[PDB]
Each structure stands twice: as structure tokens, then as C-alpha cells.
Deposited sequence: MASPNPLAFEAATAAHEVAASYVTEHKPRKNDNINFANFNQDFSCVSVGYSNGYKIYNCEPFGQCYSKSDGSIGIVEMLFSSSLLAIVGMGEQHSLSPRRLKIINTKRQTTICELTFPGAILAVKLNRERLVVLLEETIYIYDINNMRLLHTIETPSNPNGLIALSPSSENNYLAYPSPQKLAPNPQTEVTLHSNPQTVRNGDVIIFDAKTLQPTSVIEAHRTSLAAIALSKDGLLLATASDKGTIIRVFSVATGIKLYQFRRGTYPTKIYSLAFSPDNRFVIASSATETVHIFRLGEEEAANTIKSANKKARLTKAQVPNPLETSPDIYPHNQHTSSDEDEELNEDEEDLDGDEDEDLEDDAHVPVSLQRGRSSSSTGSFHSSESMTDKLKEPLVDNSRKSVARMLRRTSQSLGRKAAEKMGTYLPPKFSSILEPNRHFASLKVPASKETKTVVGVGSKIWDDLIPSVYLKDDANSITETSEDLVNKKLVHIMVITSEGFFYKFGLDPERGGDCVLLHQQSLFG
């Protein structure tokens, strides 16, 4: 049984948490590149393509717990550190300088090279575990909700609040940061409107109408060049909004209300698609809660309905 899946910071790998261990997958080309038998893994987060993994257990076990974080080395097959907490760990986020741990009403920031607690934030209840951490060390921003749908921008370098963005009038359902930390994508629990902000200034740059009827937005993601922001919801249609809407879309081949996380590759590929043609395509990958891995090809020039390139699975 599959418990957890997520991309790494540059969307070149996928870390998966199972009831009997955890695995690492490459995306291009897709294939298992690491596996480890263990207890039920509830969370397993990567640090790009390094051998550093952040691991939290699902359910109380002997050496695993939903209240405990283990930092390990896959190469040396060693545990580097272990942290305990007074509550369930909702989310763990990482960059090459900071490690962030999310609990329902508290946020813990660590210097990732010595694992020393740097700052602690008392927050309003964050049950959905919404948080985002910039993969950029040059602009190390931290984003979390603070109920309406306000977003606090916290400098993870200087350990200081920066700005307060009034994203939505209602509670946030989804949040994302660009690879450079410069852009912020948000979505409320209404899910009709997708907003894009500039972190440093607080200016709402774009605003895309997802649809007319409300829905649950699961996942927002930027392309690495910040050309596109994509969104997946309960309707299983994934929108691709061009930053410069209706540019493109695709249909996740799954039943309604199937939870997904989306991600965009960093390279453009010369794929051979149908009597045959080659097309320079942006790869958009979709992970479903049932463990399916769908790779769609996005034409970054004409857009339109993205073609399915490959179906892969985990468990």
C-alpha cells in the first residue's frame, strides 16, 4: 500500500513512502534507482538528488513514529540525526541550507548542516499542512497561511517575517514557490481563481479563472523558467496557465476527486509522437494517490490539449 509520493525540488526524482519502506525514482528516464525495506513510511522528502532523505513514519512503530523525524544517508546507509516532536508532523520541507518541519500550530526551522533549531513560529491551526519553502538559497523564503487566506512570507535566512500577502478572502487550499523563490502561486478552498504574486514586492502579477463551479485544488507547480503555472483539482483536469487562462490543459485518466500532485521537468525533449513527427515538448508529470505516474507532453509554443507520453506505476 502506498502512503506518500512527492517530487524533489527540481522535479527530476520522485520519493515514495510505502507501508513496507520507501523508494526513489528517476523521472527521465523513469525507473527505480533506490529501494529500502522498512516500516510504514508516512513522509519521505528529498533534497534534490543528494543522498539526504527526510523520513517520518505512519502510525506508532518501534523505531518509527508520525511524531518523529529521521535524517538518513542512502549512500552510507546511516542515520545522521533524529528529531522528536510533541505532535504529528504534517510536512517537512528542505533546501541546501534550511530544513523546515510543520506541525498543526507550530513551525520548526533548522540549520540543515548542523541540525540546530534556529527559530520557532506559533501559528494558527494549519490542519491541511500547507507550507512552501524556496529551493533557492539566495532567496530563502518560507510561505504559510495565517487565517482569511493570508500568506506570511518569512525569510528563512535572516529568521524574520517579510510581508503579508492577502491572497484570498477564504482559506487556502494550495500554495507553491518558483525554483528561484521569486514567485508565489496560491489557491483558496473555493478553487475558482488562481493567483500569482511577486514575493519581494507583494504585487499580484497574474490571476487565472480556473472555472465557474467551485472545486478542490490539489497541487500548483511552476515550470523552471517561470513560463507556466499548472494546477490539478478534483475534476481531474489539469490547467496550464501561461504567465504572459486557456493556454493548455490535459485530462488525468482517473476518477473524480482522486488526489494528485503535479510537476514540471527542467528540460525540453525532442519526443517522437504521431505518420510520425518530432516535437520539442515540456514534460508534465502527474502522481495520483493510487500510485500511477502519468507523463504528458506540453507544446510550449502552441499549447492546447497535452498528449499522454507514458504511463508508469509505483505500487
Per the record, the structure omits deposited positions 1 to 32, 180 to 200, 298 to 437, 468 to 483, 525
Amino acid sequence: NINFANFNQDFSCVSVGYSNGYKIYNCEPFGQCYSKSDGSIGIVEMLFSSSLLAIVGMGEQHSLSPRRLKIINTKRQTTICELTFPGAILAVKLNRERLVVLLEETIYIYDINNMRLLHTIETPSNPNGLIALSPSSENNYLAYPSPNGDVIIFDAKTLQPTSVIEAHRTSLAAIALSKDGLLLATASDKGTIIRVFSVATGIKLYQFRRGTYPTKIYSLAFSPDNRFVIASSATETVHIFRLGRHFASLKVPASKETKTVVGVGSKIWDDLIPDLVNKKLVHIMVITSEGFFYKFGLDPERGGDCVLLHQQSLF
From here on, numbers count along this sequence of modelled residues.
Once average C-alpha B-factors are taken from the entry for 285 to 293 and 30 to 38, the winner is 30 to 38
With B-factors read from the PDB entry, the higher C-alpha mean of 189 to 197 and 73 to 81 is in 73 to 81
Comparing C-alpha B-factors across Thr237, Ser146, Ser219, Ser178 in this entry, the winner is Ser146
On the chain's distribution of Cα B-factors, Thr158 falls within the third called highest
Assert third(CA B-factor, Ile2) within chain per record equals highest
Quick tally, chain-level thirds of C-alpha B-factors: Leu47 sits in the middle
So, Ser134's CA B-factor, relative to its chain, sits in which third? The middle
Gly263: CA B-factor among chain residues, third -> lowest
